[PDB]
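Bear in mind that the values in this text are calculations on the coordinates, not laboratory data. Cβ atoms come from the backbone with ideal geometry, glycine included; neighbour counts cover every protein chain shown.
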Amino acid sequence: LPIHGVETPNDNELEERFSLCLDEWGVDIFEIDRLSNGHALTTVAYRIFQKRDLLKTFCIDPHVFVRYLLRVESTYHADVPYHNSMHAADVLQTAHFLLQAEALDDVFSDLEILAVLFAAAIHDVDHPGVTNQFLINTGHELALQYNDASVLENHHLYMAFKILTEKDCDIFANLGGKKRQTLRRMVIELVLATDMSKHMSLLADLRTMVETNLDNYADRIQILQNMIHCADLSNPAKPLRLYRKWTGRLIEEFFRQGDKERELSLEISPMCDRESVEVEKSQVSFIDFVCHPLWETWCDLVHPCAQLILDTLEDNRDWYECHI
Amino acid sequence: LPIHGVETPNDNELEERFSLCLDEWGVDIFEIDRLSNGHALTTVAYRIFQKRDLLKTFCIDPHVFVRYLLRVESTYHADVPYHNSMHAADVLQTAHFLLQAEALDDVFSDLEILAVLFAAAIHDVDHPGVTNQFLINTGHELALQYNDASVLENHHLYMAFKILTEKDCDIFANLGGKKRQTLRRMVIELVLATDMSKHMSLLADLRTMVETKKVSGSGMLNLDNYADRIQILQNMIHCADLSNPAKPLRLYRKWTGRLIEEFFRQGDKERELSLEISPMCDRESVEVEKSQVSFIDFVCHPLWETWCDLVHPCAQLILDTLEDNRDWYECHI
Ligand SMILES: Nc1ncnc2c1ncn2[C@@H]1O[C@H](COP(=O)(O)O)[C@@H](O)[C@H]1O
Ligand SMILES: Nc1ncnc2c1ncn2[C@@H]1O[C@@H]2COP(=O)(O)O[C@H]2[C@H]1O
Ligand SMILES: [Mg+2]
Ligand SMILES: [Mg+2]
Ligand SMILES: [Zn+2]
Ligand SMILES: [Zn+2]
């Protein structure tokens, strides 16, 4: 069993970086992926899970863990610039980080921590590099199949759970039936919370909660839904170099989508037009209307355990306002 | 085009029955299926869409309608005892009856009426004879695909909108874009409201609207809002689906013999897979009569009572027949 779960060409350099970076906000996942040779998701997940004793706690065989994580990782599409396994690993680590706020100390069961971190790692698996709305305007097969509701998010979940079915990949094989049913329902609810069409409702829920303690599932689970959705939308609150990197990729993906939407004669989807999308304006607008309202609330929830996040978010917002 | 959409051996019998029965509570859908050579769904739908002027209003070509309906009808499985095209024709006619209550006069737009009646016709298409819970308990493919959520209801929808693809089957071809898309959303919301795990939630919405009507004082409820209206239609198609126990006893009993056959087949499969046998699915343990009284006390009667309270006094006959049927089964224990 190697130190990082799967063998890499740079075990000592990755170990140094993991020991300094895994509990920090602002991890260079791109470099982890280069040093691990395509294995940021696999190595990040493995070491998060050991650090939180989750393999021991849930009797997960560490070989079975690595084998499953390698399958999921190779199910993300390398040739998709943003929605690949690097994005998954970033989301995973940012979720791991979010959980450590003092204000949330001693609150979540282990099973709930297991759920949210598993969700993060799988939440974009097999993404094809187009949006839900594009699936729906082309009448793509998955859009028809899911009746327009959460088309990708549903697909991500389906793929993740079909992989658990493969010979010697069943990482939850040693939970009881009751813990496996409650785990499955939690994972479903969590990855579904990554669907943008839920953003308004989850955030009204979080605002309501802050405007008041939590030992009802109902509240905890609403906090974990907001949390994974925060991690997913963390990029603009990351150090600027990392924000810009993630952004260049997202836009390259969107623009590529705009070309199939242009080279099939349709109403080019939003921010997807190479010709006349204002990239710096487009980010300022995403912050003001989407990302800032979310992070402000989250940060209000965990007062003051996440002040840095809200500070960098505000700086990158101003930086872009200037470079338009 | 033949008088009833498809040709039948018994046009004049059917004419007579459709002329007298289709605005009544409790229509003998089995006999209409026998008389039309297995086309109850197609002939009932054609005839209701005629009586509502829905072909004319939405510019639906009658040959296109008939073609689409035959395909839907075919895609119900005739070997499933209960969830076949006869169940669909029952649900469709019953939803048609329920829209007539005087307390609903002019509440709904034509496109809403179009939606709920289309929905009813498709709402169980391709049903394989086993529940959601079974597909989830077996991790069947559908259940994995849909993440345990309204599994069949989602598949019924998928199959119905695909058939609309097919060459010369797009009944909604002449609606505008903003219309096909508002229709599509409504139809989805309406077939999803037939998933039983929505029952409690839907019935609480309906309770809210009843209490909201009783306190209004023009005793009329404000329904300018689409989202209130859709709640009512959701409850209504769900009522229609669960209308069997409030149907004339003879009919309720026939529907029920079919439903128990399907249930018992599923518990056989469960047994064979060494799995928990679902409620009402065990031929070795189930007591049919007791189970009906229980389903009526706990699910059916609270739903209908609330529906009847909303449209009071327009659906009195329904609650009465439901209570007499309850009491008949109690005495046969
Ligand atoms: N930097 C950004 N600018 C604009 N939209 C973003 C950005 N980051 C995330 N999003 C949005 O958030 C969604 C997150 O879900 P996913 O793309 O499946 O990871 C995206 O598809 C976009 O709608
Ligand atoms: N007579 C009955 N007894 C028990 N359950 C019923 C009865 N009639 C309808 N149902 C239930 O109501 C459901 C409605 O959904 P279907 O038409 O898909 O399958 C059905 C069963 O849960
Ligand atoms: Mg996603
Ligand atoms: Mg059904
Ligand atoms: Zn994502
Ligand atoms: Zn039904």
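The condition (being surrounded by 14 or more Cβ atoms within 10 Å (Cβ to Cβ) and of a type in the set (D, E, K, R)) is satisfied by just one residue among B:272, B:284, B:305: B:305.
Residue count for the stretch B:82-109, restricted to those that are surrounded by fewer than 21 Cβ atoms within 10 Å (Cβ to Cβ) and farther than 21 Å from residue B:157 by Cα: 12.
Which members of the stretch A:78-95 meet the condition of being more than 16 Å from ligand 3 (Cβ to nearest atom) and under 10 Å from the mean Cα position of the chain (by Cα)?
A:93
Candidates in the stretch B:136-156 are the residues that are within 21 Å of residue B:85 (Cβ to Cβ) and not polar (S, T, N, Q); of these, the one that is surrounded by the fewest Cβ atoms within 10 Å (Cβ to Cβ) is B:142.
For the stretch A:104-132, filtered to residues that are among the charged types (D, E, K, R) and farther than 22 Å from residue A:306 by Cβ, the residue that is nearest to ligand 5 (Cβ to nearest atom) is A:124. When the stretch B:165-182 is examined, which residues are found to be surrounded by fewer than 17 Cβ atoms within 10 Å (Cβ to Cβ) and either part of a helix (DSSP H, G or I) or among the basic types (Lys, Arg) (or both)? Across the stretch B:165-182, the qualifying residues are B:165, B:167, B:177, B:178, B:179, B:180, B:181. Summed over the stretch A:242-293, the residues that are assigned to a loop (DSSP other than H, G, I, E, B) and either within 16 Å of ligand 6 (Cβ to nearest atom) or under 30 Å from residue A:27 (Cα atoms) (or both) give a count of 6.
Only one of B:221, B:202 is more than 16 Å from ligand 5 (Cβ to nearest atom), not small (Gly, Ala, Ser) and not in a helix (DSSP H, G or I); which?
On the way: B:202 fails: not in a helix (DSSP H, G or I).
Of B:221, B:202, the one residue that is more than 16 Å from ligand 5 (Cβ to nearest atom), not small (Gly, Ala, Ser) and not in a helix (DSSP H, G or I) is B:221.
When we screen B:186, B:200 for residues that are of a type in the set (A, V, I, L, M, F, W, C), more than 21 Å from residue B:113 (Cβ to Cβ) and more than 10 Å from every other protein chain (Cβ to nearest Cβ), the only hit is B:200.
From B:224, B:241, B:228, which residue is within 12 Å of ligand 2 (Cβ to nearest atom) and acidic (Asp, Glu)? Don't jump to the end; show me each part of the working.
Values: B:224 fails: within 12 Å of ligand 2 (Cβ to nearest atom); B:228 fails: within 12 Å of ligand 2 (Cβ to nearest atom).
When all the criteria are applied, what remains is B:241.
Within the stretch A:96-116, not a single residue is more than 14 Å from chain B (Cβ to nearest Cβ) and within 14 Å of ligand 3 (Cβ to nearest atom). For the stretch B:12-59, a residue qualifies if it is over 29 Å from residue B:316 (Cβ atoms), of a type in the set (A, V, I, L, M, F, W, C) and surrounded by fewer than 16 Cβ atoms within 10 Å (Cβ to Cβ), and exactly one does: B:59. Being charged (D, E, K, R) and closer than 24 Å to residue A:193 by Cα holds for only one residue in A:52, A:67, A:47, and it is A:52.
Within the bounds of the stretch A:64-78, is there any residue that is charged (D, E, K, R), closer than 26 Å to residue A:230 by Cα, in a helix (DSSP H, G or I) and in contact with a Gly (Cβ under 9 Å, 6 or more places away or on another chain)? Yes.
Would you pick out the residues in the stretch B:140-159 that are within 11 Å of another protein chain (Cβ to nearest Cβ), of a type outside the set (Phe, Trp, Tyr) and assigned to a helix (DSSP H, G or I)? Quick ask: steps written out before the conclusion?
Initial filter on the stretch B:140-159 (within 11 Å of another protein chain (Cβ to nearest Cβ)): B:141-150, B:153-159.
Within this subset, residues satisfying the condition of being of a type outside the set (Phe, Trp, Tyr) are B:141-145, B:147-150, B:153-157, B:159.
B:141, B:142, B:143, B:144, B:145, B:153, B:154, B:155, B:156, B:157, B:159 - these are the residues of the stretch B:140-159 that are within 11 Å of another protein chain (Cβ to nearest Cβ), of a type outside the set (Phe, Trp, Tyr) and assigned to a helix (DSSP H, G or I).
Taken across the stretch A:123-135, residues that are surrounded by 19 or more Cβ atoms within 10 Å (Cβ to Cβ), of a type in the set (A, V, I, L, M, F, W, C) and farther than 19 Å from residue A:232 by Cα do occur, with at least one present.
Residue A:194 meets the conditions (1) part of a helix (DSSP H, G or I); (2) within 14 Å of chain B (Cβ to nearest Cβ); (3) within 17 Å of the chain's Cα centre (by Cα) in every case but one. The failed one is (1).
Among the residues here, residue A:162 qualifies as of a type in the set (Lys, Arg) and either within 14 Å of chain B (Cβ to nearest Cβ) or outside any loop (DSSP other than H, G, I, E, B) (or both). Taking the stretch A:168-216 as the range and being within 23 Å of residue B:147 (Cβ to Cβ), of a type in the set (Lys, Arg) and away from ligand 3 (no atom under 16 Å from the Cβ) as the test, the residues that pass are A:178, A:179, A:180, A:184, A:185.
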